[PDB]
Amino acid sequence: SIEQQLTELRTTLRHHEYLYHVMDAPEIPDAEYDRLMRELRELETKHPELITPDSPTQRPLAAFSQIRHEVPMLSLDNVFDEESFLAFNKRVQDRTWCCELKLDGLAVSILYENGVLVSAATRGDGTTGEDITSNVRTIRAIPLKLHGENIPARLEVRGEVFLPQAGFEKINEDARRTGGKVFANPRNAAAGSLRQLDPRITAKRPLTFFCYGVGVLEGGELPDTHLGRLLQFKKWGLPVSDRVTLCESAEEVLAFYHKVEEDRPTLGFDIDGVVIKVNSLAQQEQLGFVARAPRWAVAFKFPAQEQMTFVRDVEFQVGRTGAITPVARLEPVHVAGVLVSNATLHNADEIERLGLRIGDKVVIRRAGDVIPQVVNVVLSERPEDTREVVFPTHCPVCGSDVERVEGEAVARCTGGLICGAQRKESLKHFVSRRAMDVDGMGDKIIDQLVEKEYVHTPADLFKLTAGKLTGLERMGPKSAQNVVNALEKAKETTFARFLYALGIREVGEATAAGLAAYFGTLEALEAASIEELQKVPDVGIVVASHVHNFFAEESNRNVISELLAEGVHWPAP
DNA sequence: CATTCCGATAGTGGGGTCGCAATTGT
DNA sequence: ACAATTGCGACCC
DNA sequence: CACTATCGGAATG
Ligand SMILES: NC(=O)c1cc2cc(Br)c(C(F)(F)F)nc2nc1N
Ligand SMILES: [Zn+2]
């Protein structure tokens, strides 16, 4: 019953608050609480007459919980120049543009139920995000209540939370006065603001919001035009950029891009491109989505700001597949709002292309306004003393022979199971967000688990007890029990995540999804010949043979039978 | 047909902010 | 002792 | 978050 449903929710919420007052605790540390507050708002908005004056929603810091988005929040593929846009355009035609500023903030999804704001979440991994409702409620530009006609029963508004330049500078002024923490740039400051435990701190940071999209939608009368939906949003009280434009050709899109580039300094806030999307919702549904991103939109980026620094060293790091990746250690320099000290160098071939020597002066940028990249050596400034970058012929960790197969770029450690670096990075991978998802298990504790020889394969993680853990460096009684707990909860996975977690060569997230959908179960998968494997969409000789060799080797079957015995499971399909 | 091209994925890599709890300090 | 500082890892881009 | 070497399969002559 719904009367029964409300009291049950209200009673546990007031239990939590009473436990909190009585322990004079610094916060309700249980994620249950923010979740139950969400469940109770939903139910109460759904039955507005049954709301009581002293209901917990009518009003204690609480730990952040999570929100699943049935409609994924994905990424945008990038284009960096006019010719790449044209190739985007042709790809669309071959399978009207609404043109928008790409606000530099973070993505937030806000669920209104019957027009009443009920939750807000971050993107997370696309499916599951952080519940940040309490922080979002504080944002002046986001209404608690929609107003107007044909408001849908359920409307999930997607948008960008950002901090304008005057608000960023305001907060840094406050920090400088009161000896507080000074922020590096508006993008990373906006993300931080939204993750405060304490909504009252978020409230003093002048975050604003612009809508760009819809998630779930049930009821209402929205048009089939995306701009049309953005104008409806605005009729309902939601903030929408004054700059959303319709373009009828690729040439008009290019003029929009150049005009926004020219006007960038006058906007009052930061942006990192424009977003170009298929305006028609029915043309968007026909174009669909790749694993990572829609086929009907790109981000068209502006050129990234460059700076000069010099390379102090080049180190070679060992990956889980044995890959040896060079990394430049740079003299720290500021670039577009952040301190850059490192950049990948990809491979031996790239180093040769740059003709990079240790000591060289280099041009550096944040690729796509994010990730350090080395552009080129400045040869005319090369110092009298520089040193040759020698690629490792022996694994810097375990000592084994490095092998590079004829005509391929990547050089590997041949140590396999004896390599500690490989051991460590296979576990970091096993445990990662998109695989087994074990909270708390990062590089340091994995580094010790392996160094101390406590874990040899993944099933060993499930045997660790809190006592075994407490004794480690930077571990203790509470963090030990948190890890045993996380490991317990992570046993319930999915067939795809499990396949992904094993680190079969060439089998990453999308290919694991693929084998899982096709084979249904692990025994089918295990019994496949190289030939039935090649039937799976996007599985070819190379993937077939890795999948086959892997399941063929008893060690690998035992890893799995062991993880199965430690209690790892997923739903029968 | 062999060959080249291209869409998409796998497997690497970066910096900032902040919560929790280990540790240091008082 | 408990209070301040800070290592680590989650999570934003 | 990006780069891009690679894979698998579609386009070319
Ligand atoms: N950062 C931005 O301002 C922005 C981000 C978007 C992300 C996605 Br995913 C989309 C999609 F169209 F795919 F939903 N649109 C967007 N539009 C925008 N203006
Ligand atoms: Zn090695």
Side-chain angles (χ1 to χ4, degrees), chain A residues 26-27 29 61 63-64 75 77-78 80 87 91 104-108 122-125 129-130 132 160-161 181 183-185 187-198 201 272 290-291 293 295 301 304 317-328 332 335-347 349-350 365-373 408-410 425 429 433 437-446 470 472 474-477 479-480 482 500 503-514 534 536-544 546:
Chain A
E27 76 186 59
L61 310 177
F64 283 106
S75 213
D77 295 339
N78 287 329
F80 300 88
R91 292 215 301 293
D104 201 351
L106 61 167
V108 184
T122 56
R123 173 180 67 163
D125 60 6
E130 181 161 307
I132 48 153
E160 199 79 357
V161 169
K181 102 78 63 205
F183 293 100
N185 59 78
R187 174 203 294 162
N188 302 135
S193 298
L194 268 186
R195 297 165 45 172
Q196 288 284 149
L197 220 229
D198 194 329
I201 294 155
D272 62 312
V290 298
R295 289 204 191 81
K301 271 161 156 142
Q317 299 186 172
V318 188
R320 76 176 156 92
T321 69
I324 307 289
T325 307
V327 182
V335 185
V338 298
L339 181 71
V340 175
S341 303
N342 297 286
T344 188
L345 291 174
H346 300 286
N347 50 51
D349 277 346
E350 174 90 346
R365 53 187 179 213
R366 289 174 82 196
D369 282 15
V370 187
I371 298 303
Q373 159 179 66
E408 69 174 33
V410 171
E425 299 301 306
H429 186 72
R433 188 166 60 177
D437 190 23
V438 196
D439 268 352
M441 295 231 63
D443 304 338
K444 301 275 160 168
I445 178 185
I446 286 185
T470 317
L472 289 178
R474 279 257 116 190
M475 218 57 202
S479 53
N482 293 337
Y500 180 55
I504 303 161
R505 197 81 146 289
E506 293 307 320
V507 177
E509 193 187 18
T511 308
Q534 284 169 276
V536 180
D538 316 271
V539 170
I541 347 80
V542 182
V543 175
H546 288 299

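In the text below, chain A, chain B and the rest are named by the order of the sequence lines, each starting its count at 1.
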### Message
Any heavy-atom pair between the side chains of A:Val318 and A:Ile324 that's under 4.5 Å?
### Response
yes
Please state whether the phosphate of B:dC18, meaning OP1 or OP2, lies under 4.0 angstrom from any side-chain nitrogen or oxygen of A:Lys181. no
Give a yes or no on whether a donor-acceptor pair under 3.5 Å exists between the nucleobase atoms of C:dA10, that is its base, and the side chain of A:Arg195. yes
Are A:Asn78 and D:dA2 close enough that a side-chain N or O sits under 4.0 Å from OP1 or OP2?
yes
From CZ of A:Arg474 across to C1' of C:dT6 the rounded distance in Å is 6 Å
Is the distance from OP1 or OP2 of B:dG11 to the nearest side-chain N or O of A:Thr321 less than 4.0 Å? no
Any stem touching DNA chain D, meaning at least three consecutive Watson-Crick or G-U pairs under 3.5 Å, ordered by first number, would be B:1-9 with D:5-13, B:11-13 with D:1-3
Ranking B:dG13, D:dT4, B:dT9 by distance to the side chain of A:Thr325, first place goes to B:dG13
Taken to the nearest whole Å, CD/A:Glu509 to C1'/B:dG11 is 13 Å
note: A:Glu350, atom CD; D:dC3, atom P; distance rounded to Å ~ 12 Å
Taken to the nearest whole Å, CG/A:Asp369 to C1'/C:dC12 is 16 Å
note: A:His429, atom NE2; B:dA10, atom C1'; distance rounded to Å ~ 9 Å
Separation of B:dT17 atom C1' from A:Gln196 atom CD, nearest Å, is 9 Å
Original post:
A:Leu197 versus A:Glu27: any side-chain heavy-atom pair under 4.5 Å?
Top reply: yes
Salt bridge (charged side-chain N to carboxylate O under 4.0 Å, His left out) with A:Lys301: of A:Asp272, A:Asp369, A:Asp77, only one passes, and it is A:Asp272
When every non-hydrogen atom of A:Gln317 is compared with those of A:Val327, the smallest separation belongs to CD-CG2, 3.9 Å
Within less than 4.0 Å of OP1 or OP2 of B:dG7, is there a side-chain N or O belonging to A:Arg91? yes
Heavy-atom closest pair (A:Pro326 atom, A:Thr344 atom, distance to 0.1 Å) is O-OG1, 3.7 Å
Is the backbone N or O of A:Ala336 less than 3.5 Å from a side-chain atom of A:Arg366, with the two atoms forming a donor-acceptor pair by type? yes
Between A:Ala367 and A:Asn347, whichever has its closest DNA chain D nucleotide further toward 5' is A:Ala367
Side-chain contact check for A:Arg295: nearest option of B:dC18, B:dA8, B:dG14 is B:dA8
query = Donor-acceptor pair, A:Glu160 side chain versus A:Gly105 backbone, under 3.5 Å?
reply = yes
NA contact type, A:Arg366, heavy-atom cut-off 4.0 Å: base, sugar-phosphate, or nothing?
-> nothing
Which of C:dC8, B:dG13, C:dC13 is nearest the side chain of A:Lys444? It is C:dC8
task = Respond yes when some side-chain nitrogen or oxygen of A:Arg320 is under 4.0 Å from OP1 or OP2 of B:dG11, and no when none is.
result = yes
Which of B:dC20, B:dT17, C:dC11 is nearest the side chain of A:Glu27? It is B:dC20
In terms of pucker, with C1'-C2'-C3'-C4' positive for north and negative for south, the sugar of B:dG13 lies north
* **Flag, side chain of A:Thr325 to backbone of A:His346, donor-acceptor distance under 3.5 Å** => no
Sign of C1'-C2'-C3'-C4' (positive north, negative south) puts the sugar of B:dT9 south
Set out, in order, the CA-CA distance, both residues' side-chain angles and the distance that settles salt bridge (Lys or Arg N to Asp or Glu O under 4.0 Å) for A:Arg433 and A:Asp125, then state yes or no.
CA-CA 8 Å; A:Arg433 188 166 60 177; A:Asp125 60 6; 5.2 Å; no
Looking only at B:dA21, D:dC7, C:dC13, the nucleotide nearest the A:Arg123 side chain is C:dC13
- request: Using a 4.0 Å heavy-atom cut-off across all strands, classify A:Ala190 as base, sugar-phosphate, or nothing.
  value: nothing
Within the 4.0 Å heavy-atom criterion, would you say A:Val327 contacts the bases, only the backbone, or no part of the nucleic acid?
sugar-phosphate
Atom CD1 of A:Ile445 and atom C1' of B:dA21 are separated, to the nearest Å, by 13 Å
Considering only heavy side-chain atoms of A:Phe64, the closest of B:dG19, B:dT12, D:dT4 is B:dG19
Requested in this report: For B:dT12, take OP1 and OP2 only and decide whether either is under 4.0 Å from a side-chain N or O of A:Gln317.
Outcome: no
Margin query: I want to check one thing: is the phosphate of B:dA21, taken as OP1 and OP2, less than 4.0 Å away from some side-chain N or O of A:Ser479?
Written below: no
Query raised in the report: Looking at A:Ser341, does any N or O in its side chain come under 4.0 Å of the phosphate oxygens OP1/OP2 on B:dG14?
Result: no
So A:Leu345, base contact, sugar-phosphate only, or nothing? Heavy-atom distance under 4.0 Å. nothing
Of the listed B:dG13, B:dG16, C:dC11, the closest approach to the A:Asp439 side chain comes from C:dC11
ask   = With a 4.0 Å cut-off on heavy atoms, is A:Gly337 in touch with a base, just the backbone sugar-phosphate, or nothing at all?
value = nothing
Any donor-acceptor N/O pair, A:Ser479 side chain to A:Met475 backbone, under 3.5 Å:
no
Report task. Using modelled atom types only, decide if a donor and an acceptor are shared between the side chain of A:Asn188 and the backbone of A:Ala191 within a distance under 3.5 Å. Result -> no
Taking every heavy atom of A:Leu61 against every heavy atom of A:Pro26, the minimum-distance pair comes out as CD1-O, 3.6 Å
In whole angstroms, the gap separating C1' of D:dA5 from CD1 of A:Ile324 amounts to 17 Å
Mind listing the N/O atom pairs, protein and nucleotides 24-26 of chain B, below 3.5 Å?
none

